[PDB]
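A short worksheet on the structure shown next.
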Amino acid sequence: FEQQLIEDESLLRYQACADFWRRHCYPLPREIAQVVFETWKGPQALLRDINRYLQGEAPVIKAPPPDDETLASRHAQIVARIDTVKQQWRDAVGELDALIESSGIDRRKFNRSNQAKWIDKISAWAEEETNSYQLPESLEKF
Amino acid sequence: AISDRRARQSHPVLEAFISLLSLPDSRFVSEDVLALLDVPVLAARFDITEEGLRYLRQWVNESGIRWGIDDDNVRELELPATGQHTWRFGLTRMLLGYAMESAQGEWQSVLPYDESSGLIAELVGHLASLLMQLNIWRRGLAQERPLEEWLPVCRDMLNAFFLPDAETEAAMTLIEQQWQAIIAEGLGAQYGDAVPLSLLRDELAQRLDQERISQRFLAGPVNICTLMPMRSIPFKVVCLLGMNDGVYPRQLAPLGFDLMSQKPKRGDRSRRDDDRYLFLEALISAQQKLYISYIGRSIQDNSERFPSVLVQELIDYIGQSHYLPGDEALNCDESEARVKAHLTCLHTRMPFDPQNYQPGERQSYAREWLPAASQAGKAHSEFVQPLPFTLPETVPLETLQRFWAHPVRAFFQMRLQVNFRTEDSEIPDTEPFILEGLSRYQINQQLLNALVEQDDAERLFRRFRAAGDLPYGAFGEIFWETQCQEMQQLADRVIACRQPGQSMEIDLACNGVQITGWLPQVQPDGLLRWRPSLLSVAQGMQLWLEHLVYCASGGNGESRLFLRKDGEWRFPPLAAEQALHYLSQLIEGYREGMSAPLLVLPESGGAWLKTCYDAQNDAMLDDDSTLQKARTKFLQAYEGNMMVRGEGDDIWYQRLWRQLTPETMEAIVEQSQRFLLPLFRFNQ
Amino acid sequence: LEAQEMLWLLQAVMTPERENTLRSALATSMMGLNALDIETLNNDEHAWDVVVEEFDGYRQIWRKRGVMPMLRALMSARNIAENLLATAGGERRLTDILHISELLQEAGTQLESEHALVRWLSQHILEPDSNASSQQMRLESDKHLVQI
Amino acid sequence: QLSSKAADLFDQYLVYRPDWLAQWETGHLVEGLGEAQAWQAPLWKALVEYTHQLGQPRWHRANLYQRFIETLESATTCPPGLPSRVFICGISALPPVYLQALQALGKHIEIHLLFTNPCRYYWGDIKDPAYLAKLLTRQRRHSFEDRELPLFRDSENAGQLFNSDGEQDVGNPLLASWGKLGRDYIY
Amino acid sequence: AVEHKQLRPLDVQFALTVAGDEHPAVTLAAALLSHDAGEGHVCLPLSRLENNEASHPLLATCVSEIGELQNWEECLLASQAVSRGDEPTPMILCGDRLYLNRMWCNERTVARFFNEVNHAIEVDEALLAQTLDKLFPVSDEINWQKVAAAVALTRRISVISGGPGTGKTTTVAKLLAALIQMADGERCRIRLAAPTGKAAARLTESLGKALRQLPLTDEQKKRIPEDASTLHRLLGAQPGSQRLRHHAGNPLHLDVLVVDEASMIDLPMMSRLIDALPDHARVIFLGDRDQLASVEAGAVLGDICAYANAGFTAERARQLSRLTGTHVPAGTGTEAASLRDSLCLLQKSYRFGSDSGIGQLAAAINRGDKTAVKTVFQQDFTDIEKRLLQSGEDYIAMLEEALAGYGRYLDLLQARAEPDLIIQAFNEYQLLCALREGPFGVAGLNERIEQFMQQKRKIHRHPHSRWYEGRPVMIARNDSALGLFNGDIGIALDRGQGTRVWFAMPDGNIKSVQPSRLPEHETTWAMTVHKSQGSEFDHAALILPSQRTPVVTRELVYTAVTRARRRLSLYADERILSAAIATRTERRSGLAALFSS
Amino acid sequence: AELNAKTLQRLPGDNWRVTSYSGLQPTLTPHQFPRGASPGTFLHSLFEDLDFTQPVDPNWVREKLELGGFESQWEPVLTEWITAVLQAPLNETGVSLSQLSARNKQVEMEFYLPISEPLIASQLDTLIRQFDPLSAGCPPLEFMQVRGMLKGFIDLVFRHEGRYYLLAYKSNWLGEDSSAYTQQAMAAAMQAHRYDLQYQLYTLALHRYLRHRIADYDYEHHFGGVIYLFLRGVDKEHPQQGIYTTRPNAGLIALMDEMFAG
């Protein structure tokens with residue numbers, strides 16, 4: 001019958017975002033928290049991203065993740081996806097059978113050397129740009 | 001005399017008791033506890049004075065106390081136990097600082113707090129006496145109790161948290177009276193089930209603000225009161241305020257399930273009919289003069305605000321029942337509109353308007369705004385005035401450094417002794433997730449001073465983590481790793497050309513002026529300074545002054561300063577004659593800056609000069625493109641963007657001028673060309 | 001800047017014994033004094049005694065009658081409103097001073113202590129949050145201006 | 001909150017509508033009311049049983065006014081303790097229950113009612129033409145002049161002023177628009 | 001003690017936080033250590049913790065180990081809060097005495113500064129003897145001022161112990177004159193330090209009136225010490241932070257540093273002064289040995305000058321006999337030759353001799369109470385009077401004697417004379433009370449004197465003005481802009497331009513300030529003995545409370561006796577005066593053991 | 001153009017204010033009762049609510065101490081003290097409070113007294129000192145010219161054998177614990193707290209009330225005196241201690257009525 005209307009809702013929204021960042025970003029290990037820091041510096045950037053969706057009607061996300069997938073399962077999936085490409089590069093290394101084009105310079109073996117030092121550990125998240133040189137759609141056009 | 005107002009007797013007693021009734025629901029933020037300690041009753045209960053509160057302000061601000069009274073309170077809210085940034089963490093830190101110096105190190109991953117060391121830390125023993133009590137009732141008011149158990153709760157809270165005084169006796173008596181009346185009205189029905197705390201808290205908060213005062217209704221002063229029904233008293237002058245639409249008549253919607261509103265009878269009473277009868281009784285009860293004022297124009301957007309329907313019907317009956325003798329037979333609607341416009345006095349928006357003081361029908365009685373409305377006053381003269389100043393014999397180097405760090409500030413805070421003291425920053429509400437500003441600069445300075453001796457960076461990491469200044473967990477490690485990478489990249493350039501040098505004395509006699517001072521870390525290679533800052537003109541001016549005061553008495557060698565991002569200020573060694581000439585020029589600039597305010601902006605003037613200067617030919621360019629790019633650099637460095645604070649946003653420059661005129665801009669340009677020219681002339 | 005000047009004036013009224021706050025508040029643009037006037041005020045002890053006496057009277061009015069009577073007595077004795085109306089571009093500053101005075105009087109009735117209103121003013125200076133009542137109004141309506 | 005709102009509605013029923021509570025005490029509904037009575041009639045009666053279950057007294061304001069009227073109309077001698085004269089000044093709104101009690105109080109003890117009306121003529125409503133003739137037969141008299149003065153401005157044309165439902169066409173629009181409470185009180 | 005049983009909440013929270021889940025023996029030890037640190041004791045001996053605790057067997061039944069933890073040292077070292085000096089622990093146990101880490105660090109710093117750094121500066125003895133002969137005219141017998149100046153110019157760190165009225169500032173002036181006359185070509189940046197601003201002003205005016213008397217040169221007048229600074233101002237203390245400007249890195253660029261009134265220097269201020277000194281500065285400490293203790297926890301000057309009673313060394317006695325040219329006695333035994341050589345004791349007081357009862361009472365204060373009773377008893381020396389204060393009639397007699405003491409002040413007040421003579425008459429009679437509130441205190445005696453001036457026709461007072469003519473005020477905070485310090489008296493009167501407060505500057509002039517310009521003001525009809533240090537009064541009257549309090553002790557009565565110039569009155573019981581002399585304010589510290597080895 | 005402001009010629013209003021008298025100015029014992037304003041109002045409400053004819057019930061005193069919030073141990077000593085108050089007669093003939101019926105008593109009579117002349121303190125204090133013997137000392141108070149109404153709340157008015165009497169309650173009495181509250185100490189308290197003006201205004205109000213109500217009224221025939229009842233001064237063995245009975249000279253009342261009337 002009696003209720004109190006509030007004019008500003010940003011304080012409780014920032015408090016709930018800080019509580020979410022406390023209950024989600026604190027117990028992460030180093031290999032996940034590195035990627036979390038690379039995505040956002042803190043909860044303020046996440047709130048600045050999702051402030052247009054937190055207010056009003058909640059939108060429907062196209063192709064949502066499953067309810068049982070956590071951050072660690074996605075991290076292990078991407079780590080295995082990177083490790084498969086690293087294994088396929090380590091197996092098929094030491095050969096060159098493609099034709100040398102006028103656009104393709106002969107320094108590409110140095111880029112293969114840049115791909116030789118890349119496969120050390122799977123603790124990182126960002127691959128090398130020289131893999132863009134190893135695309136069949138870009139090598140066919142060259 | 002104002003009557004019918006809400007009875008407000010003691011706000012800081014009733015509001016503090018209401019906040020103490022919301023003790024388990026509170027988050028125990030540091031500001032809410034310093035607000036509870038702001039009450040003199042709660043401070044006098046635990047033997048805390050005002051000076052003790054002023055010490056506790058900075059103690060809570062620097063000890064890293066943000067929220068959470070205990071670790072069990074953090075675990076109650078379904079949050080992970082961080083162990084830091086709590087009241088218990090700050091209490092342990094202050095007690096370890098009372099026991100152990102800060103230079104010893106951590107004990108239980110808690111760095112001691114070196115401020116509270118003497119007997120003043122006894123006040124800490126008062127604060128730990130408070131929060132523990134704030135624990136006990138936090139465990140007391142959570143459980144639900146029946147009405148037979150809520151009797152001594154408010155009395156025990158009053159004798160525990162509050163102290164009886166002469167002024168606050170009636171407030172505690174009213175609290176006890178209302179609490180016992182609520183419990184007596186509850187137990188009169190013999191309520192057997194449990195009653196929660198929030199219901200009694202809301203009932204006490206509603207009953208405490210219900211009281212009204214009407215003692216001075218007819219004391220003899222002019223009466224200020226609301227419209228009260230069934231009260232019509234004849235008066236000579238009756239004035240009415242707030243007769244606009246929406247406010248009056250006061251509409252109270254029915255409950256909807258009331259049966260009296262469905263089938264009305266004769267004896268039924270409604271608030272709308274009561275307000276209409278009040279307006280009728282106010283019209284009848286007026287004997288001599290009736291004054292009616294309503295808000296017609298909005299103060300925000302200048303929107304037309306229509307009056308109430310009663311005043312509109314009154315002015316309609318006035319216009320349809322009376323006519324002016326000026327237009328005896330013109331029309332019916334036009335004479336009505338002329339009467340309604342003659343009665344309507346549209347007053348001015350501001351009290352200092354000259355329309356109100358024009359002689360005629362209405363004239364203002366405010367004599368304080370009469371010379372303000374006459375526009376016969378003198379304007380604000382300029383603050384710059386030629387003052388007499390004699391240059392003393394012995395002028396130290398520290399005075400010249402404080403002058404050439406900021407000349408307008410040295411003219412303000414040293415000549416006329418005017419230092420604009422701004423209030424300190426408030427305590428933030430959350431733990432620091434990022435590092436930026438002064439804390440990041442102090443961390444980088446200590447890390448650069450640690451890495452210049454090849455010390456253990458992990459020990460300084462544990463020292464900064466034990467104080468809570470770093471983010472929790474992995475993010476603090478990432479921040480410390482990137483700051484250690486940046487400081488190691490800077491130290492690889494710093495200690496590449498470092499030699500052990502001692503501090504030497506400076507005693508110079510130039511133009512009959514004695515300069516006494518000391519230069520620290522004077523190596524045989526020259527001058528070596530390092531700071532974790534950006535490339536700025538103020539540090540270049542400081543290094544140029546040190547190079548002039550170093551080369552004038554021996555010291556053949558370069559002067560080098562290393563900033564971040566491969567920034568370097570270098571000055572070659574000069575002869576004694578040029579150094580003494582430039583030192584005499586700086587002394588003449590200092591004695592000109594003490595008499596008149598020397599308008600030499602370092603940053604914007606240096607940007608204008610380095611845009612106009614050419615170091616290859618040692619001459620200034622005069623083409624239109626450089627003259628436009630120098631104006632662009634001056635407007636960029638004076639007023640910055642929305643992310644970087646500009647040089648013009650300062651309390652020392654806004655006092656002289658409010659808007660940057662082009663005449664003062666050209667004066668600053670000329671002064672920077674006169675003074676800041678050897679900065680970029682000998683730069684390499 | 002007018003809110004900071006009013007904060008300095010209230011700090012000089014609350015604590016008129018220490019000459020540093022009074023000297024920092026007298027040299028503001030609201031009073032409008034030259035550097036020669038400040039130098040002669042620092043040199044003459046009797047004029048500073050008169051200033052301390054009138055600021056103690058302002059503190060007595062502020063403790064007995066409230067905020068707006070003290071501000072009106074300060075604006076009438078110093079005659080700063082006529083000087084701000086005579087200065088070109090000072091009418092907006094005067095309307096901002098009047099709105100800050102109205103907001104301080106609206107916030108002073110809900111507070112019992114005198115330093116609590118100064119802390120509230122310093123907090124609202126430190127809090128740039130925009131409310132419907134605490135926004136800047138139109139400075140003038142009679143003079144036609146280009147409306148962006 | 002529901003208990004407080006229902007207690008306020010029950011207090012308004014105790015003040016204004018005693019017949020509804022008297023019929024709810026038996027258990028019978030009233031024809032022509034709203035739907036909320038379907039939960040309001042059993043809620044009141046179980047209240048009357050509950051105070052009948054405890055040691056609290058039974059008597060309230062609604063069931064007492066009829067016995068108070070009857071014990072004053074049926075009595076022969078005046079009861080002791082009553083005051084000599086009661087003044088009612090500044091009161092322009094009373095329920096019909098209070099006026100029916102004050103009529104039986106005034107049959108014994110002289111009660112002076114000082115009522116402020118802005119119009120001197122009759123400006124209320126009417127019930128029936130048999131009540132219109134009863135109002136026409138009633139005439140006021142001055143306190144000092146002691147002369148009989150009629151109520152309406154025209155006695156022969158008094159029937160043409162009232163409508164078919166019983167509302168008088170007031171010539172002054174302000175009195176007709178603002179004084180509905182006084183219009184009911186003078187009736 | 002009585003106060004030691006009533007535990008402060010600070011000590012209880014310290015014991016609950018530091019010990020926590022450990023044994024209750026560690027909790028009781030931490031509580032006793034925090035209470036002794038709050039009372040002012042530096043160290044805590046384990047014998048008092050073992051013997052004077054009833055729960056010592058109970059905690060002996062609480063611990064359960066292989067060796068059962070019978071010793072207190074093993075029970076403390078088993079916990080993580082007490083170590084032997086290696087781990088960063090709050091509590092430190094080294095010499096069977098438990099202290100905190102800060103107190104142990106400051107005590108070891110003071111012991112290092114007074115045991116190792118104090119070396120012997122070897123200078124020319126012939127020129128020093130010639131300057132001592134040309135400065136001191138008395139050369140017939142042993143003069144302690146000449147030996148003090150010789151041992152201060154000889155060694156680097158020297159402590160001059162002497163009471164008030166012994167001519168200490170004349171000795172300092174002769175020392176500075178011989179210092180400048182010894183090093184002619186060498187520049188000397190002499191610096192002066194004081195704990196309080198009022199003592200700094202007194203030191204400045206005393207050295208100003210002393211150094212202009214001695215004949216100097218044009219280069220010698222250039223090396224006159226300019227001003228005396230506070231110890232918080234010399235080191236550069238900030239209001240917000242405790243960071244000093246000359247903390248550890250850059251020392252103060254000084255040649256000689258004379259620190260006056262070292263009795264008011266606590267242990268943390270002494271340790272902060274020690275860390276700021278370079279490896280070549282020579283420090284000369286001034287103060288009295290039997291004076292009142294320091295403000296905070298610690299006793300530096302008393303524990304330093306406790307070894308002055310032993311005497312000098314056998315070689316140092318011959319050195320002083322060769323320097324001064326007189327017969328200097330030698331001290332028996334050798335425990336610490338550096339500290340015993342650096343000390344000196346002043347016993348010959350010049351402003352009062354054996355004929356005056358003030359010096360005899362001060363000598364009998366350090367002895368037993370029966371010696372003081374005999375000193376007051378026989379003939380009173382026409383200097384000390386004893387008035388018994390038991391009931392209300394004795395209180396009325398005390399107020400009548402205070403009226404007789406303030407008679408010249410009221411006579412100059414009612415006659416409308418110049419305020420300088422009014423302040424000079426007010427500065428002759430002064431009451432000294434122990435407490436602050438109650439019937440025996442500052443505000444009690446002040447309100448009773450104001451009511452008595454309202455009763456008898458001596459002072460007219462308006463009830464709503466609060467600024468009546470003739471009220472004495474005192475300042476509580478320092479103010480260098482107005483020229484008044486903490487502990488300075490002012491008299492409010494009407495010169496004709498209004499009610500203004502006149503203050504007596506040490507320069508000899510009078511300053512008329514507005515009462516609205518005063519930052520703090522408290523009525524000073526009766527001053528406390530702690531707040532009256534540094535000042536001097538011609539006729540003092542001590543008032544002691546009947547309630548037993550630890551404030552009234554031997555040093556308090558000694559400072560009340562030495563506060564009077566000529567005349568002293570007493571208002572106390574015989575049992576309180578007998579108990580205050582025997583109960584000496586001892587402060588347990590590790591300096592007695594560290595200086596002995 | 002030139003513009004000016006109108007100026008008010010005179011003062012806006014005279015000193016018109018409706019004020020009151022305060023505006024013109026072993027282990028359990030009644031001596032050990034806490035002295036304050038709230039305990040004074042609690043004892044005043046206890047003496048107001050209690051009936052004088054009926055004996056005092058201990059459970060009612062316990063309920064009143066529960067409602068007030070005082071200690072429960074004081075209740076059995078307080079009720080017998082109340083009976084010690086009720087057993088002590090307060091009259092010149094020895095009339096107790098139990099002989100007063102409900103129709104004879106009237107508690108907390110509120111009166112409004114008009115005055116149309118400017119009340120000069122010098123013309124009033126001399127008129128008081130001309131007849132009142134207690135005005136030998138007591139230098140006169142200073143107050144502004146008060147024209148208008150005066151409020152007052154008399155504690156009790158009661159008639160007996162055809163004679164009207166007034167009774168007021170004063171219960172602070174902090175400075176007395178022994179039997180020193182004699183007539184001299186009560187007269188000194190009346191001279192210090194200046195209750196003589198209050199009692200004179202009470203006599204004037206009662207005279208005007210008995211003149212307006214009762215036809216054929218005489219001041220000497222109907223009025224008997226004013227009784228002040230100090231609660232902490234009432235003893236069982238001393239009937240005179242605690243009460244203070246005063247009768248005016250019957251000539252001050254007419255001159256005060258002529259002064260207040262006009």
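Residue numbering: from 1, along the chain as shown.
Structure determined by electron microscopy, 3.8 Å.
Using N, Cα and C of the backbone, Cβ positions are placed for all residues, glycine too.
Around E:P164 (ATP binding site), a 10 Å sphere centred on its CB holds 17 further CB atoms from the protein chains shown. According to its DSSP assignment, E:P164 (ATP binding site) is coil. Feature annotation from Swiss-Prot assigns ATP binding site to E:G162, E:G163, E:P164, E:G165, E:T166, E:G167, E:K168, E:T169; the stated evidence is sequence analysis.
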Among E:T166, E:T169, the most crowded of the binding-site residues [Cβ within 10 Å]: E:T166
ATP site, defined by E:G162, E:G163, E:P164, E:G165, E:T166, E:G167, E:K168, E:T169: further same-chain residues with Cβ within 8 Å of the Cβ centre: E:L346, E:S349, E:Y350, E:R351
Site with most surrounding Cβ atoms, counting all protein chains shown within 10 Å, from the binding-site residues E:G162, E:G165, E:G167: E:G162
Assigned conformation of E:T169 (ATP binding site) - DSSP reduced to three states: helix
C-beta crowding around E:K168 (ATP binding site), within 10 angstroms: 23
